[PDB]
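>>> build me a model:
(3 chains)
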Amino acid sequence: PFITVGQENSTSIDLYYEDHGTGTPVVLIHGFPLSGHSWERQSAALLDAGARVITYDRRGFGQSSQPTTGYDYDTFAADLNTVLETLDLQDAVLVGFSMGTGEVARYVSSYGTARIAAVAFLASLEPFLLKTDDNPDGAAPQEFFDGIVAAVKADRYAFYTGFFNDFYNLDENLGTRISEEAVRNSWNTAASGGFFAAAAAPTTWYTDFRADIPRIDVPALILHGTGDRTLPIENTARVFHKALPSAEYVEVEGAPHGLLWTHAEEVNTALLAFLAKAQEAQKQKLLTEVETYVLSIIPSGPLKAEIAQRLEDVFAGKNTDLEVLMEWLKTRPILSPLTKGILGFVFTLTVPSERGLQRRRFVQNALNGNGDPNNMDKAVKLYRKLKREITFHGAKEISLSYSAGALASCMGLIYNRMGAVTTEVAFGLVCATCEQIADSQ
Amino acid sequence: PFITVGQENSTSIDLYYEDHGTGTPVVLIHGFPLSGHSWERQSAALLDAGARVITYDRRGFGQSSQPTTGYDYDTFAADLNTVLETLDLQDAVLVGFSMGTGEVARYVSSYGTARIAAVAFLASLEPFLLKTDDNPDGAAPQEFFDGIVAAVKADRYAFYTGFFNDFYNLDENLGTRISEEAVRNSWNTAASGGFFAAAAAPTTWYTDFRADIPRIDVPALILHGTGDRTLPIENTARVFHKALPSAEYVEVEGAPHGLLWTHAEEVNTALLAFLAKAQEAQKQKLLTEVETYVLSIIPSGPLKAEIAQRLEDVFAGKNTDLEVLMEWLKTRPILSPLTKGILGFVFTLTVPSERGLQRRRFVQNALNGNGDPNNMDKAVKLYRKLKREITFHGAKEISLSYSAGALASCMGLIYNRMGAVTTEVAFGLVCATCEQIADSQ
Amino acid sequence: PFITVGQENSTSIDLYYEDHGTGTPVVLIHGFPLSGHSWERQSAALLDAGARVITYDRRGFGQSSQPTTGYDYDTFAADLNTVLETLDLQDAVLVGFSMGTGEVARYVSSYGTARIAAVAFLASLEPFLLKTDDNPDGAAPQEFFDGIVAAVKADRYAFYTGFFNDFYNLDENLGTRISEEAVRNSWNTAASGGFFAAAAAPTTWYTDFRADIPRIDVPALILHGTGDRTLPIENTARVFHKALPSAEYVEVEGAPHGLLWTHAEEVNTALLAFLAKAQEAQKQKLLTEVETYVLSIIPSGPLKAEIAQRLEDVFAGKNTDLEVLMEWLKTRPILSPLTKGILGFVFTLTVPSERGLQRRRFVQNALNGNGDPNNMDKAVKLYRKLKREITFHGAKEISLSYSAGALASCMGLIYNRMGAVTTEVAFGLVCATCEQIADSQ
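Numbering: from 1, shown residues only, chains lettered A, B, ... in the order given. Take a look at the structure below.
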């Protein structure tokens, strides 16, 4: 699969990409000189955990086209952006490795964190690799980088072998953490890449990311191996943590540059944890937004305080007997039967275990749309559109273009299991209904 | 309200008619020289009982047009037919009084009992009023009828007074069973009627109905007053019961011709009873037809015999715990989940009391149409059409023009109380589904 | 003539109605068990006075259809509403008698006084006839009303006689204020009504109108007879006047329930007076609005104060010599000839008596549209549209879509009696002109 990002003379520039699983989107951006297929161990972990894993090949690498232009980070980001906007990804996590970490930063800096929930920096370039006067903490001088460019142009094929030695720490790890076969794979990958790209890539490594680090809006993770020979931890990750103290910081003990493969376990555990905390903060933001819309229709009174208390109770993870809750809702005075049903709907949905209870009569009658064929015809039409959506906001927006009778009917449709949508979309629906009823008062 | 039956020169012939209540249709056909409004006491009883009461004014009477043609029973029936076919009445009961009884017979004879469930003959003309050689049991000779025609033409207004005296037995009943005011009403009614009709009507009274009585296909009721002065019981009802022994026969003791008003109680009790027996035989024919379609999808085996036994049990009126029944259905082996749900649907519907039980999960899932928006879009469309229908056959026929997925979805729609139709229509639906599934096997 | 209000099985529900005279619309709503034709004496008075009299037959009475549903006041009002919206009546007066007074209230309560100028309550049900604990002032207990329903169902025909005795106070008034023949008429009327309606009607009489009385927005009249046997004045009108002190209140001395016929004189005098005061308050609201538009074109000065003073003088009802007035206008300095003519136009129109004066040269020349065929072609077109309008606002709105030359020409057209429109529409025209000239300054 491909996405077109630009043009070169008579050919189009196309980036190879992969899209797997279902759930919260996670974008993995590989390092030099490998491809999206280098993440394989991480991907595998991310799929079993329940995340949407997107991987792609940076221009001039893997199975992407091999142009001879735009080998800089303002372009690489413009690439990534195109990817993000093509797939209309929302609430996404960016994960970059080696070279990938550059995209993350520069993207975040230039284009903003509207779509981005979180970021992760594994074996980072940051802040600024070049050793000058105004950057004393730099890793190497300008002459060292010019030397690598010369080394590749001479013979990239031979160069790879020697690069991968320092990359993986093969004098330590060969036969132990990485197999001879795994190294052979990585070599073929590098070899399949574009000749110009191979030589043009090292020049981008000493890009100045200092003006970009203060833009980093969202929760971040920095990760690095202490035995990293390619990117010295002392000149990158540690000084990167000084510039961004907010970030969560993890040092993996005795790990090389190629810590994705060798130390997959320690990488995954840390990664998933960081994703689990950012996924229980994007679930509590959905839940609390849901709560505000749900409370917008209830009349001010001591009843609104018990209702809110219970919502927060079931939202935080306190297993409450749905049977008692429903029976409590049913018998409430003042509340309109429309209101109780919405609440009813919400609770059954958000309660952790339904315990094998049946659907309530009072809810069914509340959410039936008065038995009007037109409302139900529109509910079916809306339902069709809600299958295609994946976000809360994307669901709520299309839901607001219908009438209050059709929305209720659509809810009841879902309540009655006559259809099925994802949890977040459903919230959008009910919230859209809560806004349509709250705007007529 | 009016129905057009024919044409006279430049004007159309229109019959006044009334349509009240809801349920099994009952047609009331008045006697000479009154209108549909004479039935008022019977109507009142029929509405509280839960029947659809249709009344109309025979040509030349009440508020119907007043032509000078077609004053014979081949026309009066053609009138009635038009009424029946205009309203597309099904499973109807015809009830005739005095002159009305003639229509009933002649209609039944000529046009057949396709639409007719039952008939009733109150104060009947039958079989043949004219006293000749080949009809010795006749009530009066040809000279007696020619004398009435002369009496009306001379002065119909004055004639009515004297007619109503013998009609109601006023020397017995005035101030007692009928009020002076009620008689005054009946007179105004006769007076509002057409002058030609008044004179032309008595000539039809000696119509020969003997060739018509053997055609009477359906269950019948004959009723007459023993003190009937206008139509002697000895020359009508009693000899009518000899020609049709099958009929249910009731003699009201000491009742006049106008026994509708005077003896309303005895008339209603008898009438409703006769309607109640013919309404518990048109409910058992619906139930047993329903049973045959329901059993058409089940695999032959010892399970089909228990299922049938229970259907017959709940169809006959034996209150069976729906909870036990459902739990029995749910746990059955061999039966397809589609089958159980249909059965589930049927039972909840036909069981006398639901006892406040909720809707079953297993049924809901069975009848959801797989959560396919198209099936449900069609179910809504069918549902709309099923609101308009009133019969089992009218429902089943339109249901058979849709797919098996949409029918199931429509059922589930009704099961979930997201809509509502009459009981008989619903049967049509489920039966239509039972035929669509039984034809794919 | 008929208006369709709903549906019963295969027949439409149609209300009989009458529309007579020309002018300000007045709606008369009859009492039980009579029809629109009971108002005859009032109507006659209202036509000679110069009012538009609309009368109709409530469902189940008179010549209206005779269904067996919707016998409640939420339906009776929905009926009345339909009538009002069908005829697009504006600035209407509702007058209800006995049962009619219920419609008035409930209509006013539910649907608002957008169309209604005023109301009148003759022999009122209000506020609440039923005697309970929370209504001690009630007229009778629940058992008394159940007794009437039983009395009718038994024999409505006989019941009417006894009802009309108490209705009219026949032991007092027979041969004196009402004739034996007039009573016979009322009986026939009741007798022609629907049998179900007759019995269903008394159940509506104890409707709770207390929540409806505070809604009564407009000027009201309450009227009742002190010798009223059917509706005791002490339990209705007097306690009704406590709940609505704003109302104008009139007690007719020694009058029965049927005070429409018996005491026609005292009813009419009071009624017309109330209509005359409410027609000189909806004429002063038109007049003062007219005044504001007329004064919008005049230059501020001592001349604007004399002009306004005269307008108010002729608007209040002080007969001023039009000859002197015109001669005063003509000779005024500062005023534009266009302005004088408008004023001229207004005065001749609003002055009570023209005294047989001719049309003024100076006005004719002012309002001729410069003798331009195009302005006059448009004036004719506007004139055509002004014939169809009946309101001030409806007239002014269509007038504002033309040019200032055409409006003047149209005015002159009307001034010259080359056409004719109603008074209020004319005001709209001139006011529309006054706004077109005032917006160019």
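
>>> my guess is residue A:332 contacts residue A:301. True?
No: with contact defined as C-beta atoms under 8 Å, residue A:332 does not reach residue A:301; the gap is 10.8 Å. C-betas here are computed from N, CA, C, even on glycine.

>>> which residues does stretch A:368-375 contact?
A:376, A:379, A:403, A:405-406, A:408-409, A:412, B:380-381, B:383-384, B:387, B:416-420 (C-beta atoms under 8 Å, 6 or more residues apart in numbering or on different chains).

>>> ok, 6 Å please
A:376, A:405-406, A:408-409, A:412, B:380, B:383-384, B:418-420 (C-beta atoms under 6 Å, 6 or more residues apart in numbering or on different chains).

>>> how about that stretch: buried residues?
By neighbour count on 16 or more other C-beta atoms under 10 Å in any protein chain shown, the buried set for stretch A:368-375 is A:368-369, A:371-373, A:375.

>>> same question for stretch A:225-235.
By neighbour count on 16+ other C-beta under 10 Å, the buried set for stretch A:225-235 is A:225-228, A:230-233, A:235.

>>> end to end on that stretch, go ahead and measure it.
12 Å (C-alpha to C-alpha, to the nearest Å).

>>> which residues in the stretch 151-300 of chain A form helices?
A:156-168, A:170-173, A:180-192, A:195-200, A:237-243, A:259-262, A:264-295 (DSSP state H, counting those that start in this stretch).

>>> out of those, which one sits most buried?
Using mean count of other C-beta atoms under 10 Å in any protein chain shown, the stretch among the helices of the stretch 151-300 of chain A with the greatest mean number of neighbours is helix A:259-262 (a mean of 25).

>>> tell me how far that one lies from the chain's centre.
21 Å (C-alpha atoms, centre = their mean, to the nearest Å).

>>> same question for stretch A:201-212.
24 Å.

>>> and if you look at stretch A:327-344?
With C-alpha atoms, centre = their mean, you get 38 Å for stretch A:327-344.

>>> state the distance from the closest residue to residue A:349 other than its chain neighbours to residue A:389.
Nearest residue to residue A:349 in three dimensions, chain neighbours excluded: residue A:426, at 6.3 Å (C-beta to C-beta, 6 or more residues apart in numbering or on different chains). According to C-beta to C-beta, to the nearest Å, residue A:426 and residue A:389 sit 10 Å apart.

>>> more crowded one of the two?
residue A:426 (23 against 20; other C-beta atoms under 10 Å in any protein chain shown).

>>> the more buried one: which element?
Following DSSP states H and E, one finds residue A:426 within helix A:423-438.

>>> do the same with residue A:16
Residue-wise, residue A:16 maps onto strand A:11-20 under DSSP H and E.

>>> pairing partners for that strand, with directions?
strand A:2-8 (antiparallel), strand A:51-56 (antiparallel) (DSSP bridges).

>>> got the CA positions of the shortest one in CSV?
Output of strand A:51-56 as CSV, limited to C-alpha atoms (Å, rounded to 0.1, in the frame of the first residue of the first chain):
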residue,chain,number,x,y,z
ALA,A,51,-3.8,-0.7,19.3
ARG,A,52,-3.9,0.4,15.7
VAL,A,53,-0.4,0.1,14.3
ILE,A,54,0.6,2.2,11.3
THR,A,55,4.1,1.8,9.9
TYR,A,56,5.7,3.4,6.8
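
>>> how distant is that strand from the center of its chain?
For strand A:51-56, the distance to the chain centre is 8 Å (C-alpha atoms, centre = their mean).

>>> list only buried entries from the contacts of stretch A:368-375.
A:376, A:405-406, A:408-409, A:412, B:380, B:383, B:418-419.

>>> just those: which are in helices?
Under the assignment DSSP state H, the buried ones among the contacts of stretch A:368-375 contribute A:376, A:405-406, A:408-409, A:412, B:380, B:383 to helices.

>>> how about the residue nearest to residue A:46 when sequence neighbours are not counted, what does it touch?
Closest residue to residue A:46 apart from its sequence neighbours, by C-beta to C-beta, 6+ apart: residue A:53 at 4.9 Å. Listed by C-beta under 6 Å, 6+ apart, the contact partners of residue A:53 are A:20-21, A:26, A:43, A:46.

>>> include distance to residue A:186 when you put the buried residues of stretch A:225-235 into a markdown table, please.
Output for the buried residues of stretch A:225-235, formatted as a markdown table (distance: C-beta to C-beta, whole Å):
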| residue | distance to residue A:186 |
| --- | --- |
| A:225 | 16 |
| A:226 | 22 |
| A:227 | 18 |
| A:228 | 17 |
| A:230 | 13 |
| A:231 | 17 |
| A:232 | 21 |
| A:233 | 22 |
| A:235 | 24 |
